[PDB]
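A short write-up of the structure that comes next.
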Amino acid sequence: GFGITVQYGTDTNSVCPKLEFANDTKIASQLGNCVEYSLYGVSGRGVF
Amino acid sequence: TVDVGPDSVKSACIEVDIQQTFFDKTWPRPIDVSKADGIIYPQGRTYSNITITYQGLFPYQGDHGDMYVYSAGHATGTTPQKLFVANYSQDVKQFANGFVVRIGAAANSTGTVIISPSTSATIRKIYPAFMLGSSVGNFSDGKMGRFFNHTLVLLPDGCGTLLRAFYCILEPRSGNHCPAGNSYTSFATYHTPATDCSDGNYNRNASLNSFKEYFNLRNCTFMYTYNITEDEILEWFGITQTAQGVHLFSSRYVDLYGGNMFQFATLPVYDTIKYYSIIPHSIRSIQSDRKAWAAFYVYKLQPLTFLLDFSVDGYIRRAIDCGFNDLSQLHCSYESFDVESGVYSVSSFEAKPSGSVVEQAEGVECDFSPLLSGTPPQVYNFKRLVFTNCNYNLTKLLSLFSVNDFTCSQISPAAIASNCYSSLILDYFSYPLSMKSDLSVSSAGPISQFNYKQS
Amino acid sequence: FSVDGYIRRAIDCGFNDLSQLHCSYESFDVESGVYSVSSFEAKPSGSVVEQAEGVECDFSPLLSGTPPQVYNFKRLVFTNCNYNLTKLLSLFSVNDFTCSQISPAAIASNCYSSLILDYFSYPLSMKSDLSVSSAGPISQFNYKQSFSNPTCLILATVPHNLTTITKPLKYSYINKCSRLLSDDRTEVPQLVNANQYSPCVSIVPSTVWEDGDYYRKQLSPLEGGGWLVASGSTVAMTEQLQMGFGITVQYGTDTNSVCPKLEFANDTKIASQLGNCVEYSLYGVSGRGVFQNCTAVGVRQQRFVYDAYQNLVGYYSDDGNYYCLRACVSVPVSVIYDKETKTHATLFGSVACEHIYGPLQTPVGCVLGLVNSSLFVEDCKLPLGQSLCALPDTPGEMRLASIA
Amino acid sequence: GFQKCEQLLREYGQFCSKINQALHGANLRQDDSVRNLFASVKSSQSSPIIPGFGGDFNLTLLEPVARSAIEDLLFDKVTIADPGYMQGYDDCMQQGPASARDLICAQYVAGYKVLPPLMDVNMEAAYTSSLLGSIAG
Amino acid sequence: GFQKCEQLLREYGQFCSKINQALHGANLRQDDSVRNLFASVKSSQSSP
Amino acid sequence: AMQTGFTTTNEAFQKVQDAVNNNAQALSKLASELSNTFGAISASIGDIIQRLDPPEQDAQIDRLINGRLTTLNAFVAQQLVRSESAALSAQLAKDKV
Amino acid sequence: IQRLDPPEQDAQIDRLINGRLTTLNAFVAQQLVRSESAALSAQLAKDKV
Ligand SMILES: *[C@@H]1O[C@H](CO)[C@@H](O[C@@H]2O[C@H](CO)[C@@H](O[C@@H]3O[C@H](CO[C@H]4O[C@H](CO)[C@@H](O)[C@H](O)[C@@H]4O[C@H]4O[C@H](CO)[C@@H](O)[C@H](O)[C@@H]4O)[C@@H](O)[C@H](O[C@H]4O[C@H](CO)[C@@H](O)[C@H](O)[C@@H]4O[C@H]4O[C@H](CO)[C@@H](O)[C@H](O)[C@@H]4O)[C@@H]3O)[C@H](O)[C@H]2NC(C)=O)[C@H](O)[C@H]1NC(C)=O
Ligand SMILES: *[C@@H]1O[C@H](CO)[C@@H](O[C@@H]2O[C@H](CO)[C@@H](O[C@@H]3O[C@H](CO[C@H]4O[C@H](CO)[C@@H](O)[C@H](O)[C@@H]4O[C@H]4O[C@H](CO)[C@@H](O)[C@H](O)[C@@H]4O)[C@@H](O)[C@H](O[C@H]4O[C@H](CO)[C@@H](O)[C@H](O)[C@@H]4O[C@H]4O[C@H](CO)[C@@H](O)[C@H](O)[C@@H]4O)[C@@H]3O)[C@H](O)[C@H]2NC(C)=O)[C@H](O)[C@H]1NC(C)=O
Ligand SMILES: *[C@@H]1O[C@H](CO)[C@@H](O[C@@H]2O[C@H](CO)[C@@H](O[C@@H]3O[C@H](CO[C@H]4O[C@H](CO)[C@@H](O)[C@H](O)[C@@H]4O)[C@@H](O)[C@H](O[C@H]4O[C@H](CO)[C@@H](O)[C@H](O)[C@@H]4O)[C@@H]3O)[C@H](O)[C@H]2NC(C)=O)[C@H](O)[C@H]1NC(C)=O
Ligand SMILES: *[C@@H]1O[C@H](CO)[C@@H](O[C@@H]2O[C@H](CO)[C@@H](O[C@@H]3O[C@H](CO)[C@@H](O)[C@H](O[C@H]4O[C@H](CO)[C@@H](O)[C@H](O)[C@@H]4O)[C@@H]3O)[C@H](O)[C@H]2NC(C)=O)[C@H](O)[C@H]1NC(C)=O
Ligand SMILES: *[C@@H]1O[C@H](CO)[C@@H](O[C@@H]2O[C@H](CO)[C@@H](O[C@@H]3O[C@H](CO)[C@@H](O)[C@H](O[C@H]4O[C@H](CO)[C@@H](O)[C@H](O)[C@@H]4O)[C@@H]3O)[C@H](O)[C@H]2NC(C)=O)[C@H](O)[C@H]1NC(C)=O
Ligand SMILES: CC(=O)N[C@@H]1[C@@H](O)[C@H](O[C@@H]2O[C@H](CO[C@]3(C(=O)O)C[C@H](O)[C@@H](NC(C)=O)[C@H]([C@H](O)[C@H](O)CO)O3)[C@H](O)[C@H](O)[C@H]2O)[C@@H](CO)O[C@H]1O
Ligand SMILES: *[C@@H]1O[C@H](CO)[C@@H](O[C@@H]2O[C@H](CO)[C@@H](O[C@@H]3O[C@H](CO)[C@@H](O)[C@H](O)[C@@H]3O)[C@H](O)[C@H]2NC(C)=O)[C@H](O)[C@H]1NC(C)=O
Ligand SMILES: Nc1nc(=O)c2nc(CNc3ccc(C(=O)N[C@@H](CCC(=O)O)C(=O)O)cc3)cnc2[nH]1
Ligand SMILES: *[C@@H]1O[C@H](CO)[C@@H](O[C@@H]2O[C@H](CO)[C@@H](O)[C@H](O)[C@H]2NC(C)=O)[C@H](O)[C@H]1NC(C)=O
Ligand SMILES: *[C@@H]1O[C@H](CO)[C@@H](O[C@@H]2O[C@H](CO)[C@@H](O)[C@H](O)[C@H]2NC(C)=O)[C@H](O)[C@H]1NC(C)=O
Ligand SMILES: *[C@@H]1O[C@H](CO)[C@@H](O[C@@H]2O[C@H](CO)[C@@H](O)[C@H](O)[C@H]2NC(C)=O)[C@H](O)[C@H]1NC(C)=O
Ligand SMILES: *[C@@H]1O[C@H](CO)[C@@H](O)[C@H](O)[C@H]1NC(C)=O
Ligand SMILES: *[C@@H]1O[C@H](CO)[C@@H](O)[C@H](O)[C@H]1NC(C)=O
Ligand SMILES: *[C@@H]1O[C@H](CO)[C@@H](O)[C@H](O)[C@H]1NC(C)=O
Ligand SMILES: *[C@@H]1O[C@H](CO)[C@@H](O)[C@H](O)[C@H]1NC(C)=O
Ligand SMILES: *[C@@H]1O[C@H](CO)[C@@H](O)[C@H](O)[C@H]1NC(C)=O
Ligand SMILES: *[C@@H]1O[C@H](CO)[C@@H](O)[C@H](O)[C@H]1NC(C)=O
Ligand SMILES: *[C@@H]1O[C@H](CO)[C@@H](O)[C@H](O)[C@H]1NC(C)=O
């Protein structure tokens, strides 16, 4: 048996599937724009 | 499977001349929701003399849609020659939620013979032909428009007297000008009025037979026909797809003069239609008898809320697209076409994302190695691996075992393998499968009471 | 309850309107006044039923040839027919029959817009992989039931003498289905949607040859480019074929014409009960009301006419007539009570006495318990409305007095 | 009327008793408000209204026709649904609803009732008519 | 802006129409209150 | 000049119509809210009972109850607000007479 | 939405809806109470002027 328990917000949500990153998903390259974001599991929409 | 008649025995297809310039016309007929264009009537019920909002699949107010026009082929006097078409077979569109079609809007107007711009003729209604399916790609020479596996074909025939719907595999023929042969451009259907549209006996297979020159029909699961009484009346056609199959809508069997669409058929097509195209059609008229054929317009559907005005007789004659503009939102909020003068607040104009930003921990894999080495503990001595600041992959672990039962609670299956977590805690132990149920939350047996319990 | 706990006095709160009043205040003594109480309910005097009656829904396809694998499930859609699940269930040894968002009794007895039956070969050893909570390969890549419509899942074994159903060589399934994007770095799992087929169905053969077979298709630009890939897996075949049957039912996209068959009495017709309050069940639509013969409105083909509050207000019957449907209407009740005399009268506001000394018709409704007095008051304690007043006889009956 | 629902409704306490008592009090409040208001409009002494009341001052607009002419016009120009105080129950069955969203016929369907006012029209007219005749004096 | 939520919100009836109409009326009430109040403070004749 | 004054430009006249409209709105809440499901599978109790067994049937009926109890509480709260307002207004009418 | 499937996702969204509908009803009820009060007060101001 394998039990899996997951927690969602005691720390940065740093346990993630691996992701290949594009350089158009950086924050610095999209300042002033409305973007969707996912930052270490934290998500929503906004302007950086 | 269904017998759909014999294969074509011709060694070659009729040559098709594609000259899109001639079909690049501007004859706009956008959806006018105030005139109830493009509306499919609420399906399980009717209403009388009321104005209500309704949620359903509707075209957008102001949508121009995609115009398609069929033409006469090439001729020399009394001997028709080459077919003349637009680049339609290669223009494959995403199906999404389906579409509605405005058919014969220009009928009775003086129009143009597309093949001969200086020649005018009275415009006649012509029915659209469609090819729909799950997967698309190219033909032998690299041109697009090939559909794979079963393809739904809606092919009007009998010079506009029947709609033939079939779901079959289309096997490109290899003859001259055919899709698997030499000198291929585009497949097209055709009929030859001179022999196919006699005043009495119309050839009910004229378009089917031309279709068959380009493709062999294989593993057909059905072929249905619907009758059409001839007229020059503007009509609407629509197609949608649900778990029950493909639904064909039309205004002509219920609201002929009004235009509201009602379902007339459901087809047993269960794979998802993702793509569609217009099958170009060319009429092999003699040079001296070319007609102008009405353009048809295809508009896409989406789940919109409309304000629908139901007359005493139940037809929808007027409507508001509640998301078109702010004025429309106002009418919908009061469920009326007439609201009092004033200044009103309406939904804000939303800012929409222009992109996305992502940051994730990227680095070390989370290490499930301990798990794989030595004798696992008993259930009361389970061992715990706590993963933080790492990249996880459950497949990497799951793929090493023959999984008998994998279930999740308070998280979806898709989510367990794709979300980010503060931590992932893995508790592993030896456990007989015969005691599977003793690990259930509802269990009152020894495992859940004294050995191991999940959060 | 007395101090010693015994019950010495009680009110039956449903006996009459006066009793309802005492109960609503939880007291045996309430103040004088005119009070609204529960209406006098109209009750059904019978019932009307209309159902599609005709062709049986045909489960024959199901019984002939080799059933498909779970990712190639076949679908039978039943509309406008009489269903009988026992007829199908009785042909198989059912191992597990469960329902979700519909009761067991209901699955076999309600009318539906449609019934969709999805059948396939399926090992019983993988039973749990069809659970909603499952994160295994069947629920992720092969077959998933609707979360929106009520569903049932039947797992059953084909009997040795049901010789019309043949067996595949092995059971098989997709254990992987994903897309490789044009960059060939990112792989995206392609999960199956409820009631749909996996995108990998076109690359996976009807039977997986052997466990571990890998399939790939090059996608065109219109499909987003990249590759669609999948892996198959197998389960050894059992002595008797095990099959799954998913059932999905919809309740209101059309006339609910998929019904159990019903033997009809001719006393359940609408025409024979016009003007009465009846229970009705019309092609799965039900409630209580009064049918009336009236002028047709709405679209005939749509059968059921609704108002602006979504009530059913009319119906086109299979007998050719259009009926208006009115709610069974309750009869308003107000109790006129005088505490000092311990007397009362009942006002049925807005009601003509034809529906109820005998009853007295007044400007505010029909009143029982009052006697018309042609007397005037200024000092009215029990106003009835308009310029009417109940005046106790003091005990006798209350008088109906006019306010001067 | 569904018993299962009623059984579950009971677990919310005497909900309906509260609804009924709150409205009963609210309704008594208007009968008391009306009674008090009219008691105060009421004249002790008043002159009769006769045609010609007003002399050179044209008051025919206000003279009872009984409501006055302006009073009838005021009512005729306001769109008011007829509550059917005497026999609305029946009007809604033999004729049915007047239009979409007919809130008077909805009463017998939805479970609510519109109650009649404390004074009838002729009594209210009598109060303002006697008031008119009292103004000069 | 979430479509799933909006889909569920619809099952609560025309909730938002009620919110908007109630506030619209409440807001008109102040414009009418203000207009009436100032109409009465307004002088016919006044010295500079 | 006033005989023809009961029109769109007469503020007092619209207030009369608005008092009437407010009564209608109060009743429309009860007439229109019974069609809501409040997350339930149906606005009809009879449909819930016919389709579901008690452990789920209960939850669905309960959604309808909560929605209807809420509606009635809102209705009553407004009848109390409106009757309080009308009573104050009645005293103003008393003073004006 | 990101964490749950429809049968549970629905229940969770619905909790948020109920809470927000409640909040808006409370807000509106108070704007109506406050606007009624301000209107009465405005008539007092009228009388004082
Ligand atoms: C999470 O964790 C899971 C599990 O660890 C990861 O999933 C794995 O992902 C890898 C890819 O990164 C994937 O490998 C692929 O396997 C297929 C299958 O081939 C096998 O069968 C064929 C049959 O013809 C054999 O020829 C082949 O050698 C393999 O045989 C295996 O089994 C036999 C025993 O039966 C052994 O003897 C063998 O040694 C072997 O183990 C391969 O076809 C695929 O190859 C393609 O990619 C590689 C990349 O290195 C490339 O070099 C190849 O040329 C080829 O690429 C070309 O084709 C692709 C289209 O398919 C195209 O896109 C390219 O551009 C090229 O044209 C590769 O090796 C493995 O199977 C997955 N396992 C599971 C269980 O899912 C998952 O990725 C992890 N997630 C994250 C985010 O990291
Ligand atoms: C939904 O779908 C389901 C499944 O299709 C339907 O349910 C079926 O309904 C039919 C009736 O319509 C029902 O048939 C009845 O079967 C019994 C059982 O008898 C068997 O055993 C006895 C043992 O003594 C045998 O003698 C008899 O021949 C039967 O044997 C069967 O099996 C053997 C092998 O073991 C075979 O060799 C046989 O050929 C046979 O298959 C019968 O007793 C019953 O008979 C009564 O009704 C018939 C009507 O035609 C009548 O002719 C008989 O004389 C007798 O009627 C008298 O008695 C009844 C009281 O019982 C009384 O009311 C009458 O007035 C008479 O006095 C009949 O044949 C079948 O078993 C059901 N199957 C299942 C799985 O449930 C269901 O109805 C469908 N729903 C809807 C709405 O349509
Ligand atoms: C190209 O040209 C053709 C004709 O040359 C047009 O076809 C005509 O279109 C009009 C409008 O759609 C049709 O008029 C409708 O006829 C209906 C029935 O007509 C039949 O029955 C009546 C008796 O009930 C007969 O008198 C009549 O001759 C027919 O036998 C009417 O019921 C319709 O009225 C309904 O709609 C109107 C509003 O449009 C309402 O005011 C009415 O109250 C009622 O609801 C209407 O009169 C006409 O009949 C069609 N001709 C033919 C031959 O059928 C094409 O539309 C035109 N094409 C384009 C694209 O413009
Ligand atoms: C024009 O298009 C129509 C499509 O609408 C197409 O109709 C098809 O015609 C064929 C016959 O030509 C039908 O097939 C027959 O159906 C009957 C049904 O009972 C069968 O009994 C026949 O079986 C006999 O003939 C077979 C011939 O091979 C033998 O193999 C068999 O053993 C029997 O002897 C046969 O299946 C077919 O069902 C219809 N299809 C539809 C969808 O209606 C028509 O043929 C086209 N015409 C031309 C000239 O192309
Ligand atoms: C849905 O439609 C797709 C597309 O039509 C279909 O995929 C096709 O499957 C067939 C066989 O099932 C493939 O045809 C041949 O299959 C044999 C198998 O032994 C191969 O050996 C053949 O190879 C030749 O072509 C190769 C091209 O590179 C050569 O390298 C090789 O030497 C041979 O000359 C050939 O593949 C057919 O190619 C695919 N088509 C595509 C576009 O992939 C699919 O099966 C259908 N799905 C279902 C579920 O019915
Ligand atoms: C394009 C052009 O001008 N070609 C010259 C011919 O016009 C000319 O022969 C005359 O052709 C006349 C018809 O010309 C068109 C037409 O409008 O009908 C020109 C169109 O552009 C062409 N359409 C398309 C899509 O290619 C159309 C078509 O070819 C024919 O209909 C064939 O079926 O022809 C008309 O028939 C005159 O009677 C005829 O003399 C020839 C000289 O004979 O020279 C060409 O360069
Ligand atoms: C006192 O005032 C009233 C009105 O407030 C005067 O009575 C009005 O007299 C006019 C005559 O110009 C009537 O006009 C008529 O209207 C009808 C409407 O259909 C029309 O058909 C006639 O041709 C004419 O235009 C008006 O209706 C009438 N109004 C009433 C309420 O009677 C009255 O005469 C004044 N008295 C004195 C002494 O001046
Ligand atoms: N073969 C053939 N088929 C046709 O359908 C056809 N149609 C026309 C005419 N088509 C049209 C269509 C729309 C307008 C039109 O009046 N459009 C408006 C704009 C409408 C809007 O955008 O709201 C305009 O003022 O141009 C004119 C001609 C001419 N020849 C034809 N020839
Ligand atoms: C369809 O509805 C309209 C309402 O929009 C009805 O017209 C009303 O009819 C009544 C009859 O007494 C009049 O008092 C109203 O003033 C009319 N209103 C309008 C806006 O005209 C119309 O009669 C209905 N048609 C049918 C057949 O019922
Ligand atoms: C389409 O139908 C045919 C016949 O019904 C299927 O069976 C193949 O038919 C060809 C005819 O030349 C034979 O050569 C093959 O050997 C047959 N295969 C089998 C397995 O019997 C064919 O499989 C069907 N295709 C699809 C996609 O369903
Ligand atoms: C669709 O139209 C066709 C053609 O009118 C109908 O087929 C005809 O049916 C009659 C019935 O007596 C036969 O006499 C003709 O010989 C048939 N014609 C042909 C070409 O076969 C067909 O039945 C109609 N379909 C429907 C559903 O009504
Ligand atoms: C951004 O991505 C492109 C993709 O090819 C890469 O060539 C480029 O060097 C990247 N830029 C940086 C700063 O890494
Ligand atoms: C077909 O022609 C249209 C219209 O000129 C153009 O927009 C479209 O891209 C063309 N498509 C192809 C596949 O050539
Ligand atoms: C699509 O085109 C490529 C080259 O253009 C050819 O290799 C490939 O086989 C074509 N696909 C089909 C299905 O013929
Ligand atoms: C199949 O039919 C035969 C006929 O004699 C019977 O003996 C046998 O027991 C039947 N088997 C089953 C599984 O019912
Ligand atoms: C009504 O049912 C009875 C039952 O026996 C039957 O005799 C009578 O003929 C039926 N009437 C009609 C009109 O079918
Ligand atoms: C209903 O009324 C129409 C005419 O008003 C009439 O001809 C028809 O027979 C009536 N139907 C019934 C069931 O009474
Ligand atoms: C009571 O009797 C008198 C007879 O003078 C009659 O005029 C009056 O309308 C009656 N009242 C009622 C409610 O019947």
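Letters A, B, ... mark the chains of the structure tokens in the order given; residue numbers begin at 1 per chain; ligand numbers begin at 1, in order shown.
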- Step by step, measure atom-to-atom distances between ligand 13 and each residue using only C-alpha atoms and all ligand atoms, keep those at most 10 Å, then write them as a PyMOL selection string. chain B and resi 18-25+66-68+86-92+143-145
How about saving the chosen residues, N, CA and C atoms kept, as a short mmCIF file (atom, residue, chain, number, x, y, z; two decimals), in the first residue's frame?
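Everything below was put into result-v5.cif:
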```
data_model
loop_
_atom_site.label_atom_id
_atom_site.label_comp_id
_atom_site.auth_asym_id
_atom_site.auth_seq_id
_atom_site.Cartn_x
_atom_site.Cartn_y
_atom_site.Cartn_z
N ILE B 18 -9.30 25.32 -59.62
CA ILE B 18 -9.54 26.11 -58.43
C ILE B 18 -9.08 27.54 -58.69
N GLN B 19 -10.00 28.49 -58.70
CA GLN B 19 -9.60 29.89 -58.91
C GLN B 19 -10.28 30.78 -57.90
N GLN B 20 -9.70 30.87 -56.71
CA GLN B 20 -10.32 31.53 -55.58
C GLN B 20 -10.65 32.97 -55.82
N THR B 21 -9.89 33.64 -56.67
CA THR B 21 -10.15 35.04 -56.95
C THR B 21 -11.60 35.27 -57.32
N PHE B 22 -12.18 34.37 -58.09
CA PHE B 22 -13.53 34.53 -58.59
C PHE B 22 -14.57 34.38 -57.52
N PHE B 23 -14.20 33.79 -56.41
CA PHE B 23 -15.11 33.52 -55.32
C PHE B 23 -14.86 34.49 -54.16
N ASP B 24 -13.93 35.43 -54.33
CA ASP B 24 -13.64 36.39 -53.27
C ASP B 24 -14.59 37.57 -53.35
N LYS B 25 -15.82 37.33 -52.95
CA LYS B 25 -16.89 38.31 -53.05
C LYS B 25 -17.26 38.85 -51.71
N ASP B 66 -18.84 32.80 -42.44
CA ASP B 66 -18.00 32.45 -43.56
C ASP B 66 -18.86 32.25 -44.77
N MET B 67 -18.64 33.04 -45.81
CA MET B 67 -19.48 32.90 -46.98
C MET B 67 -18.89 31.91 -47.96
N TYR B 68 -19.75 31.06 -48.50
CA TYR B 68 -19.33 30.11 -49.50
C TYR B 68 -20.25 30.20 -50.70
N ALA B 86 -13.97 27.04 -55.75
CA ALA B 86 -13.24 27.81 -54.75
C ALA B 86 -12.29 26.90 -54.01
N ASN B 87 -11.36 27.45 -53.25
CA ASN B 87 -10.42 26.61 -52.44
C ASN B 87 -11.11 26.13 -51.19
N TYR B 88 -12.22 25.49 -51.23
CA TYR B 88 -12.97 25.14 -50.04
C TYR B 88 -12.56 23.85 -49.41
N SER B 89 -12.12 22.88 -50.19
CA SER B 89 -11.87 21.57 -49.60
C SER B 89 -10.68 21.57 -48.69
N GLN B 90 -9.80 22.53 -48.90
CA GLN B 90 -8.57 22.66 -48.15
C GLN B 90 -8.72 23.59 -46.97
N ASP B 91 -9.85 24.28 -46.91
CA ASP B 91 -10.12 25.25 -45.87
C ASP B 91 -10.85 24.55 -44.71
N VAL B 92 -10.11 23.88 -43.84
CA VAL B 92 -10.73 23.10 -42.80
C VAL B 92 -10.88 23.92 -41.54
N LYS B 143 -1.70 18.28 -50.36
CA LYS B 143 -2.79 19.24 -50.17
C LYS B 143 -3.63 18.84 -48.99
N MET B 144 -4.14 19.80 -48.24
CA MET B 144 -4.97 19.44 -47.10
C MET B 144 -6.41 19.23 -47.42
N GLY B 145 -7.11 18.63 -46.46
CA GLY B 145 -8.53 18.42 -46.62
C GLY B 145 -8.90 16.96 -46.55
#
```
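Using only C-alpha atoms, we find that the part of chain D lying within 12 Å of chain B comprises residues 98, 99, 100, 101 and 102 of chain D.
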- Message: Please identify all residues of chain C having at least one atom at most 12 Å from any atom of chain A, considering only C-alpha atoms, and return them as number ranges by chain.
- Response: C: 181, 183-188
- Task: If you run DSSP over the backbone, which residues in segment 54-254 of chain B end up strand (DSSP E)? Put them as a count of residues only.
- Result: 97
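The coordinates place atom CA of residue 174 of chain C at 16.3 Å from atom 78 (O, counted along the ligand's line) of ligand 1.
For the pair atom CA of residue 378 of chain C and atom CA of residue 401 of chain C, the separation is 9.8 Å.
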- 8 Å contacts from chain B to chain C using only C-alpha atoms, as an MDAnalysis selection string: chainID B and resid 43:48 50:52 92 135:138 149 243:244 254 268 270:272 311:315 404:409 412:414
For the residues in that selection, give me C-alpha atoms as a PDB file, in the first residue's frame.
```pdb
ATOM      1  CA  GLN B  43     -35.703  22.073 -27.677  1.00  0.00           C
ATOM      2  CA  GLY B  44     -37.896  20.400 -25.136  1.00  0.00           C
ATOM      3  CA  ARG B  45     -40.652  22.958 -24.902  1.00  0.00           C
ATOM      4  CA  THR B  46     -42.497  25.930 -26.211  1.00  0.00           C
ATOM      5  CA  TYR B  47     -43.633  29.236 -24.829  1.00  0.00           C
ATOM      6  CA  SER B  48     -46.393  31.640 -25.792  1.00  0.00           C
ATOM      7  CA  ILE B  50     -43.661  35.906 -23.328  1.00  0.00           C
ATOM      8  CA  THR B  51     -40.229  37.449 -23.205  1.00  0.00           C
ATOM      9  CA  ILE B  52     -37.606  35.437 -21.310  1.00  0.00           C
ATOM     10  CA  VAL B  92     -10.728  23.096 -42.796  1.00  0.00           C
ATOM     11  CA  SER B 135      -9.149  13.966 -37.713  1.00  0.00           C
ATOM     12  CA  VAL B 136      -7.683  15.726 -40.688  1.00  0.00           C
ATOM     13  CA  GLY B 137      -4.514  15.832 -42.689  1.00  0.00           C
ATOM     14  CA  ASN B 138      -3.223  15.896 -46.189  1.00  0.00           C
ATOM     15  CA  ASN B 149     -11.458   7.187 -40.225  1.00  0.00           C
ATOM     16  CA  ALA B 243     -23.573  12.364 -26.277  1.00  0.00           C
ATOM     17  CA  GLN B 244     -26.720  11.327 -28.189  1.00  0.00           C
ATOM     18  CA  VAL B 254     -41.658  23.517 -38.714  1.00  0.00           C
ATOM     19  CA  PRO B 268     -25.418   7.962 -34.587  1.00  0.00           C
ATOM     20  CA  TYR B 270     -20.386   9.436 -31.447  1.00  0.00           C
ATOM     21  CA  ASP B 271     -16.811  10.270 -32.020  1.00  0.00           C
ATOM     22  CA  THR B 272     -16.305  13.992 -31.507  1.00  0.00           C
ATOM     23  CA  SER B 311     -45.057  35.182 -30.185  1.00  0.00           C
ATOM     24  CA  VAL B 312     -48.528  33.863 -29.462  1.00  0.00           C
ATOM     25  CA  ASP B 313     -47.888  31.093 -32.001  1.00  0.00           C
ATOM     26  CA  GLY B 314     -44.623  30.321 -30.248  1.00  0.00           C
ATOM     27  CA  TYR B 315     -42.145  31.444 -32.779  1.00  0.00           C
ATOM     28  CA  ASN B 404      -4.495  -2.868  -8.381  1.00  0.00           C
ATOM     29  CA  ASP B 405      -6.393   0.062  -6.963  1.00  0.00           C
ATOM     30  CA  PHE B 406      -5.575   3.784  -7.227  1.00  0.00           C
ATOM     31  CA  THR B 407      -8.158   6.183  -5.788  1.00  0.00           C
ATOM     32  CA  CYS B 408      -8.208   9.758  -4.601  1.00  0.00           C
ATOM     33  CA  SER B 409     -10.141  11.760  -2.043  1.00  0.00           C
ATOM     34  CA  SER B 412      -9.249  14.839  -8.510  1.00  0.00           C
ATOM     35  CA  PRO B 413      -7.249  12.131 -10.311  1.00  0.00           C
ATOM     36  CA  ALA B 414      -6.039  14.639 -12.836  1.00  0.00           C
TER      37      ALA B 414
END
```
